[PDB]
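Listed below are the residues making up each chain.
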Amino acid sequence: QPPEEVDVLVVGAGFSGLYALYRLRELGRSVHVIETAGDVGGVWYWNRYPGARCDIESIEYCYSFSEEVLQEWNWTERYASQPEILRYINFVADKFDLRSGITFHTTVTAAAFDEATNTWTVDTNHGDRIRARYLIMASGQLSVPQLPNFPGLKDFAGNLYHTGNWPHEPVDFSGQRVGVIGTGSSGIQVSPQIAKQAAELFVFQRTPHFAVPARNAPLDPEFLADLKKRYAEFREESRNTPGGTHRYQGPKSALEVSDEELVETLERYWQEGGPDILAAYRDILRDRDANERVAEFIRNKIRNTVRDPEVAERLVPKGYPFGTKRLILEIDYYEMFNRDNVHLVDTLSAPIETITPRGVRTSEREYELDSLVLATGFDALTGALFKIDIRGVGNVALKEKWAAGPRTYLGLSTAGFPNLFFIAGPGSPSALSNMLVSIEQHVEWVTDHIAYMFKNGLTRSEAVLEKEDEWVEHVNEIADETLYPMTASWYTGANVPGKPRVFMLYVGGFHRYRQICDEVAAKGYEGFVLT
Ligand SMILES: Cc1cc2nc3c(=O)[nH]c(=O)nc-3n(C[C@H](O)[C@H](O)[C@H](O)COP(=O)(O)OP(=O)(O)OC[C@H]3O[C@@H](n4cnc5c(N)ncnc54)[C@H](O)[C@@H]3O)c2cc1C
Ligand SMILES: CC(=O)c1ccc[n+]([C@@H]2O[C@H](COP(=O)([O-])OP(=O)([O-])OC[C@H]3O[C@@H](n4cnc5c(N)ncnc54)[C@H](OP(=O)([O-])[O-])[C@@H]3O)[C@@H](O)[C@H]2O)c1
Ligand SMILES: [Cl-]
């Protein structure tokens, strides 16, 4: 039930929005959060599908801002399941009395900057009108589900799900003919759970994605209690890294090594599981020949996982460099295809023509299904923003200004839109880092910036157009030194039809980006104009 006026309005109650609330209060600022969902958690509230699990270690993917949380919470598994992460979020939410600062079931429709008085007016689908000095869009990176692009969807006779909008009551696939469309992280995690229940599971794969064993395991309770002795320290080590974790930064070039040392080295990562293999060698995302030797080793591990050679071959990713679509952690996913009741439908060879009342037609034949699961992803990074009529100076639409790709200074603001801040979004490290590291830094940087504005008695903060252009050009420029922009992924907006193909993230590493933000604030916010 939202206030008519506030210092800062926050959109979204997932990790980012909750923390922004907590810190803004500590800083003696009035602050409120609007959230479409029924409750806190963001991705961990919405993504409730069976198998949903973090692929950053529970010990790294957690808040560090509170010593008490660090000491009191007990993680249980190398990689936390979604129910567990949702209990942690509730634990924190509870601990700091956060819900009192949040309006649920409410979706922000539009926001417009008022130049006369230097404020945002912010409307919602319940007619709430809030005036705020600052607007923080804590509204996610992977928060607006994307349906795939083919017809007959509303004609399907059975039940229809998207993993990103999963039912609050467990879904029963027992005895069903089930289809999953999509084999990114969502579909990889969800499929082996549905394989346990369905009479027949059909996995509709388009481009195969690279996946490596998670090797999840219980967490040793002693290791935990040790870790806690120096938790603050351990976390500060994670902030001083490109990826926001303890990942080893392999110093060698993947080209300098024999085939023999290369295999022995990747074999050790493969038996160990997890994503650290992405940094086995310094140049894997930088040099196509280096990349390829690593990609080959992975593809061969893939072939060897599946008994039938033809099914095995269709599982092998082709045509793009390893790691350039987000790396996936799998758990019994490749093994699944050895089962009698699991069918890999290769839609590259036979593309989907349409959905029918009965199920799915490809160019080669029709599949009958009782249920269809869409693991088809998200209109990423800009999708949630673009859903909101956001309006800056001269009445510029954010959606129009960014229609060729997101334009920002430090990913934190855009020229022409003063008092507006984007948490962990395009133009910053964002999902290229452990997101809790990217999220805590952006929250602390924005909220300090806000507090600094108040201290000094100002009320207007605007990214300077020339710095914005300079920043966007720098982002593209350093991306272009890597293999990232070369591949169609949601990072480059490739999954939404008509969306501009532009790599959206800052690739220079969390550490450098935090250093660059720190010198910006240390000079009273170079590249902003403050009045
Ligand atoms: C299934 C899934 C698994 C993930 N696993 C990991 C992982 O292992 N490691 C990792 O580092 N990151 C991973 N993440 C990335 C995840 O985006 C971040 O880690 C972190 O959860 C993002 O937090 P957030 O608060 O920025 O956004 P979100 O958690 O997305 O919260 C955004 C909230 O804003 C609300 N919202 C949006 N628009 C409006 C509006 N118009 N009005 C009102 N409310 C609105 C949404 O409903 C949502 O609740 C994963 C993401 C997905 C989708
Ligand atoms: C932490 C963790 O383990 C976890 C778990 C879950 C999510 N996450 C995080 O969220 C991000 C998104 O992952 P996701 O799986 O939900 O989404 P995706 O990666 O966008 O894959 C979409 C898939 O659907 C297929 N596809 C799309 N359109 C299609 C079409 N029109 N016709 C037919 N098929 C279509 C598309 O095919 P192709 O050829 O690759 O476009 C692909 O197979 C992740 O990267 C993590 O950041 C993390
Ligand atoms: Cl992720």
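Residues numbered from 1 in each chain as written, not as in the entry; some residues may be left out. Chains lettered and ligands numbered in written order. Heavy atoms only, no water. Residues with missing side-chain atoms left out of burial classes, pairs and counts.

Per the deposited record, X-ray crystallography is how this structure was determined, to a resolution of 1.87 Å.

The PDB entry annotates the chain as Phenylacetone monooxygenase originating from Thermobifida fusca. As recorded in the PDB, this entry has the title "Phenylacetone monooxygenase: oxidised enzyme in complex with APADP". Annotation of the chain in UniProt includes, under Catalytic activity, the sentence "phenylacetone + NADPH + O2 + H(+) = benzyl acetate + NADP(+) + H2O". As stated in UniProt under Sequence similarities, the record for the chain gives "Belongs to the FAD-binding monooxygenase family." (UniProt positions renumbered as here; feature names shortened; annotations may be inferred.)

A look at the site of ligand 2
As a structural note, the neighbourhood of ligand 2 is formed by 24 residues, with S186, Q189, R206, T207 and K325 the closest of them. Contact distances for ligand 2 include 3.0 Å between an oxygen atom and a backbone N or O atom of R53. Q189 is positioned with one of its side-chain polar atoms (N or O) 2.8 Å from an oxygen atom of ligand 2. For ligand 2, whose unbound accessible area comes to 920 Å², protein coverage reaches 87%. Looking at which element gives the most residues to the shell around ligand 2, the answer is helix α5 (residues 185–197), with three residues. (Near = heavy atom within 4 Å. Polar contact = N/O pair within 3.5 Å; in protein donor to acceptor, adjacent residues only side chain to side chain. Areas by Shrake-Rupley, 256 points an atom, 1.4 Å probe, with all protein chains shown as cover. Helix = DSSP H or I, 4+ residues; strand = E, 2+ residues; numbered from the N terminus.)

Re the nonpolar core
By size, the foremost hydrophobic cluster in this structure holds 77 residues, and its most contacted members are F15, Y88 and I136. In terms of residue count, the dominant contributor to this core is helix α14 (residues 435–456) (eight residues). There are two domains that each give this core at least three residues, and those are domain 1 (1–147 + 379–531) and domain 2 (148–378). Apart from residues lying up to four places away in sequence, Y88 is in contact with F15, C62, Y63, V69, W73 and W75. One finds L278, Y281, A290 and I328 within the second-largest nonpolar core, a separate group that totals 55 residues. (Core = buried A, V, L, I, M, F, W, Y, C linked by side-chain atoms within 4.5 Å. Buried < 20%, exposed > 50% of the residue type's maximum accessible area, 1.4 Å probe, protein only. Domains from an automatic or database assignment. Contact = heavy atoms within 4.5 Å.)

A short note on unusual backbone geometry
In this structure, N395 is a non-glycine residue whose phi angle is positive, near 65°. Within the secondary structure, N395 sits in the loop between β17 (389–391) and α13 (398–401).

Details of the domain arrangement of the chain
Buried accessible area, meaning the area lost when the parts come together, often serves as the stated size of an interface. Segmenting the chain into domains produces domain 1 (1–147 + 379–531) and domain 2 (148–378). Between domain 1 and domain 2, the contact holds 59 residues from the first and 61 residues from the second. Summing both sides of the interface, domain 1 and domain 2 together bury roughly 5,100 Å²; the carbon and sulfur share of this comes to 53%. Our count for the contact surface shared by domain 1 and domain 2 stands at two salt bridges. For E440, the salt bridge is made with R235, and the minimal N-O distance between the two is 3.1 Å. Of all the secondary structure elements, the ones that give two or more residues to the side of domain 1 that touches domain 2 are α2 (43–46), α3 (67–72), α14 and α16 (510–522). Broken down by element, the residue count for the side of domain 1 that touches domain 2 peaks at four residues, all from α3. A class-by-class count of the residues in the side of domain 1 that touches domain 2 yields 31 nonpolar, 16 polar and twelve charged. (Buried area = accessible area lost by both parts, 1.4 Å probe. Salt bridge = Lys/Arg side-chain N within 4 Å of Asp/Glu carboxyl O. Nonpolar A, V, L, I, M, F, W, Y, C, P; charged D, E, K, R; others polar.)

Considerations on the sheet that holds strand β14 (residues 359–362)
Read from one edge to the other, the open sheet built from three strands follows the order β13-β14-β15, with strand pairing classed as antiparallel. Since the sheet does not close on itself, it has two edges, and those belong to β13 (352–355) and β15 (366–368), each with one partner. When strand polarity is set aside, the average angle formed by the axes of neighbouring strands in this sheet is 20°. As paired elements, β14 and β15 share three bridges and run antiparallel to each other. By the bridge assignment, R361 is partnered in β15 with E366. (Pairing = 2+ DSSP bridges. Axes fitted to C-alpha atoms, helices over the stretch in contact; angles between N-to-C directions.)

Describing the UniProt feature "binding site: FAD" in the chain
As annotated in UniProt, the feature "binding site: FAD" corresponds to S16, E35, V43, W44, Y45, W46, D55, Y61, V108, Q141 and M435 in the numbering used here. With the annotated positions falling across 420 residues, the maximum pairwise C-alpha distance of 30.4 Å shows that they are not confined to a single cluster. With relative accessibility at 5%, the residue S16 sits in the buried group. Each residue touching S16, except ones within four places of it in the same chain, is listed here: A138, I423, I439 and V443. Turning to its location among the elements, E35 is positioned in the loop between β2 (31–34) and α2.

Structural notes on the site of ligand 1
Among the 32 residues in the neighbourhood of ligand 1, the closest are listed as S16, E35, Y61, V108 and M435. Contact distances for ligand 1 include 2.8 Å between an oxygen atom and a side-chain N or O atom of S16. Taken by itself ligand 1 offers 990 Å² of open surface, and the protein chains cover 93% of this. Residue composition of the shell around ligand 1, by class: 16 nonpolar, 14 polar and two charged.

Topic: the packing of aromatic side chains
The final tally for this structure, using the stated rule, is 43 aromatic pairs. Arranged with centres 5.1 Å apart and planes meeting at 85°, the rings of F210 and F322 form a pair that is edge-to-face. Pair noted here: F210 is in the loop between β9 (200–205) and β10 (211–213) and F322 is in the loop between α10 (309–315) and β11 (328–330), with a separation of 112 residues, a long-range link. Exposure class is identical for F210 and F322. Each is buried. (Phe/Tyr/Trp six-rings, centres within 6.5 Å; stacked < 30°, edge-to-face > 60°.)

Thoughts on the side chain of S238
Examined against the element boundaries, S238 turns out to sit in helix α7 (residues 231–239). With a relative accessible area of 0%, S238 lands in the buried category. Those residues in contact with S238 that sit more than four places away from it in its chain are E60, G244, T245 and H246.

Digging into the pairing of strand β12 (residues 342–346)
Counted residue by residue, β12 has four buried out of five residues, so it is predominantly covered. Inspection of the sheet shows β9 paired to β12 by five bridges, in the parallel sense. Counted as the bridge partner of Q205 is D346 from β12.

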